[PDB]
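In the authors' numbering, the protein residues as written are 17 to 448, 458 to 546. Yeah, the Cβ is synthetic: ideal placement off N, Cα and C, and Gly gets one too.
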Amino acid sequence: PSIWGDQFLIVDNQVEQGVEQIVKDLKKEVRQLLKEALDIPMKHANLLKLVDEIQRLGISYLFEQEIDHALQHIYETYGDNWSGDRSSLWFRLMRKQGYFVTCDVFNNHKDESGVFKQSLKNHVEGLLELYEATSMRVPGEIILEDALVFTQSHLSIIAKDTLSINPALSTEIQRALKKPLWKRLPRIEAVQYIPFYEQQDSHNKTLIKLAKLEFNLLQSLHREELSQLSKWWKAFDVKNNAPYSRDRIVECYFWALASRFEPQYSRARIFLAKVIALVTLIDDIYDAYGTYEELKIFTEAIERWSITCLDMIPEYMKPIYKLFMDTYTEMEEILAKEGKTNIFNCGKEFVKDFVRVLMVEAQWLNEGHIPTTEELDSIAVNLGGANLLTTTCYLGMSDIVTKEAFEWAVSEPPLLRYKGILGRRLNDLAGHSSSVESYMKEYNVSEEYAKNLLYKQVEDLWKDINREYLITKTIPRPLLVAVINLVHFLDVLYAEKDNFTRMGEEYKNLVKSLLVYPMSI
């Protein structure tokens with residue numbers, strides 16, 4: 017059952033008067049800061065720092081043009097040859113922006129003896145910058161594999177030593193060691209970074225005031241979205257209309273919110289959450305409930321994609337097919353009015369593909385066929401929902417979708433394949458040690474060794490995904506960002522258990538920090 021009750025059903029958006037004025041003035045100040053730092057090359061390191069703070073404070077959506085232009089100008093001016101302060105920051109922000117800069121910049125972090133310089137060890141800020149840069153590494157980048165070992169060991173020591181000297185700094189180092197910035201969802205970083213930034217002695221007062229006010233305003237919008245979604249879901253009366261399924265609208269919304277958290281994507285988030293709810297209902301049918309004969313019929317009904325075939329369908333499945341059809345038809349009509357029927361029809365085929373693969377898995381289970389890692393891998397883009405989630409984002413972001421973006425998805429790009437394989441590995445490893462014990466058999470290895478071997482494959486996949494991210498230019502950047510966020514979300518979803526089907530506690534508290542508790546003042 018859902019642990020949230022009805023707290024999100026109705027929204028109480030209490031807003032303070034004139035906040036719009038405050039925020040507008042604060043905005044003008046931040047633009048000027050960006051302008052001042054971009055205009056003078058000696059301040060370019062300072063510019064990179066300001067961009068990082070805007071991003072981590074969670075308010076990049078207010079300065080999208082300014083940031084993109086700033087990073088573009090930095091890339092145009094220096095290319096691969098940055099040699100100022102904050103070289104580790106430069107490297108990470110460039111790769112985050114999609115520029116595949118090389119590691120050559122890190123050569124000078126090393127001694128004449130060919131080992132990392134002793135002075136790096138005394139500079140916590142520098143160590144953290146270097147550490148965070150390692151998370152952007154692709155396979156085979158030895159200097160970053162080495163930097164990761166180096167920073168981890170020295171940062172662990174520093175965090176222990178600084179506990180009694182500066183406990184907030186100790187905490188910030190430990191937060192990074194537990195999960196690097198790049199892997200953390202942007203909205204989650206904002207909730208955690210805001211209070212650390214605020215307690216820093218040198219912090220920019222304008223930036224933190226804006227970040228906290230905006231955090232609260234955007235949290236209000238997220239609450240508005242979840243209210244609409246909760247009313248939508250309640251109307252469906254799942255208790256009665258599918259008692260065998262999960263009541264998880266909050267969880268569906270939390271997943272959609274990972275894709276893009278920004279105000280610009282409000283309607284896309286809502287649509288995506290509905291599709292995740294549908295997927296959930298449907299997966300629950302192909303998994304526990306439905307008999308093989310019924311599943312074959314439903315699969316066929318989905319192929320027909322018409323309310324007119326509602327009579328060919330098993331009775332318990334009818335309400336689900338009706339919700340499904342109503343939901344997709346509403347989007348179909350929106351896209352038609354926008355002259356984007358071509359886009360809808362493309363998305364439609366991927367929904368069909370999701371259902372067809374559910375049926376394949378149901379055939380195998382029927383036959384008593386155990387699928388090869390190879391067979392699974394070839395089915396990866398579709399099984400885990402990688403294709404469905406991605407293309408649902410396409411439908412939600414119609415205005416920027418191109419033919420090339422659909423051409424790309426139809427390609428079975430490595431990026432989406434990797435997403436599916438990573439999702440399955442993470443899920444196996446947290447409970448669909459059920460997949461771990463079968464691995465001990467194939468290689469005849471202890472549990473300790475097996476876990477390590479599997480962790481290594483996961484780490485490899487993160488690096489493979491990084492490479493694909495930096496190399497993929499055919500899809501509009503905002504959609505590529507949604508994809509990478511969805512990939513990183515897998516780590517939250519399967520962090521300690523399958524948090525969707527169950528609820529580990531760390532997951533509970535992320536939700537509350539995003540949706541329940543407003544920044545103070």
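- Within the DSSP bridge table, the entry for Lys126 names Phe132 as partners.
- By the neighbour-count criterion, in which 16 or more other beta carbons inside 10 Å mark a residue as buried, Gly412 falls on the buried side.
- Three or more Cβ pairs closer than 8 angstroms define a contact, and the stretch 308 to 317 falls short of that threshold against the stretch 434 to 447.
- DSSP places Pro202 in the uninterrupted alpha helix (DSSP H) bounded by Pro202 to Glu214.
- The beta carbon of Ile509 lies closer than 7 angstroms to those of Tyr494 in the same chain, with the five residues before and after it left out.
- Taken in chain order, the whole alpha helix (DSSP H) runs of length 4 or more contained in the stretch 214 to 258 are 221 to 252 and 254 to 257.
- Taking 7 angstroms as the cut-off, the Cβ atoms of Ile189 and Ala175 count as close.
- Secondary structure at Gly21: coil, using DSSP grouped into helix, strand and coil.
- With respect to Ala289, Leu233 sits apart: the two C-beta atoms are not nearer than 7 angstroms.
- If you look at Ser545, you'll find it isn't in any alpha helix (DSSP H); DSSP assigns it neither H nor E.
- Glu348 places its beta carbon less than 7 angstroms from that of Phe360.
- Between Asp516 and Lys43, the gap from beta carbon to beta carbon reaches 7 angstroms or more.
- The beta carbon of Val371 is closer than 6 angstroms to those of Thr315 and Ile318 in its chain, skipping five residues each way along the sequence.
- A check of alpha carbon separations from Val67 across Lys40, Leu78, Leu50 and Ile56 identifies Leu50 as the nearest.
- Its chain contains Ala475 and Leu479 as the residues whose beta carbon lies nearer than 7 angstroms to that of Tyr464, once the 5 sequence neighbours on both sides are disregarded; these appear in chain order.
- Straight across, the Cα-Cα distance linking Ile75 with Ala227 is about 6 angstroms.
- Counting along the chain, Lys466 sits inside the alpha helix (DSSP H) bounded by residues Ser459 to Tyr468.
- At a Cβ-Cβ threshold of 7 angstroms, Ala396 and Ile500 do not count as neighbours.
- Rounded to the nearest angstrom, the Cβ distance from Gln216 to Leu193 is 19 angstroms, too far for a contact under 8 angstroms.
- Inter-residue distance for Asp127 and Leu164 is about 17 angstroms (C-alpha atoms, whole angstroms).
- When the beta-carbon positions are compared, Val512 and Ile546 stay at least 7 angstroms from each other.
- Contact annotation, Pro330 with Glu310: C-beta distance approximately 5 angstroms; criterion of less than 8 angstroms satisfied.
- Below 8 angstroms, enough C-beta pairs join the stretch 389 to 408 and the stretch 291 to 303 to call them touching: three or more.
- Of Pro279, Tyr332 and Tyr213, the smallest CA-CA separation from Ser261 is found for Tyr332.
- Between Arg191 and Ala149, the beta carbon gap of about 17 angstroms keeps them out of contact (Cβ cut-off 8 angstroms).
- Within the stretch 473 to 529, the runs of alpha helix (DSSP H) that reach at least 4 residues and sit entirely inside it are, in chain order, 502 to 518.
- Per DSSP, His139 lies in no alpha helix (DSSP H) and is assigned neither H nor E.
- Rounded to whole angstroms, the Cβ separation of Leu105 and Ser151 is 13 angstroms, and the two are not in contact under 8 angstroms.
- Short of 8 angstroms from the beta carbon of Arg239, and not among the five residues preceding or following it, lie these beta carbons of its own chain, in chain order: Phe24, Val27, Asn29 and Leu540.
- If you compare the alpha carbons of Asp327, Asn382 and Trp321 with that of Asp369, the shortest gap goes to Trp321.
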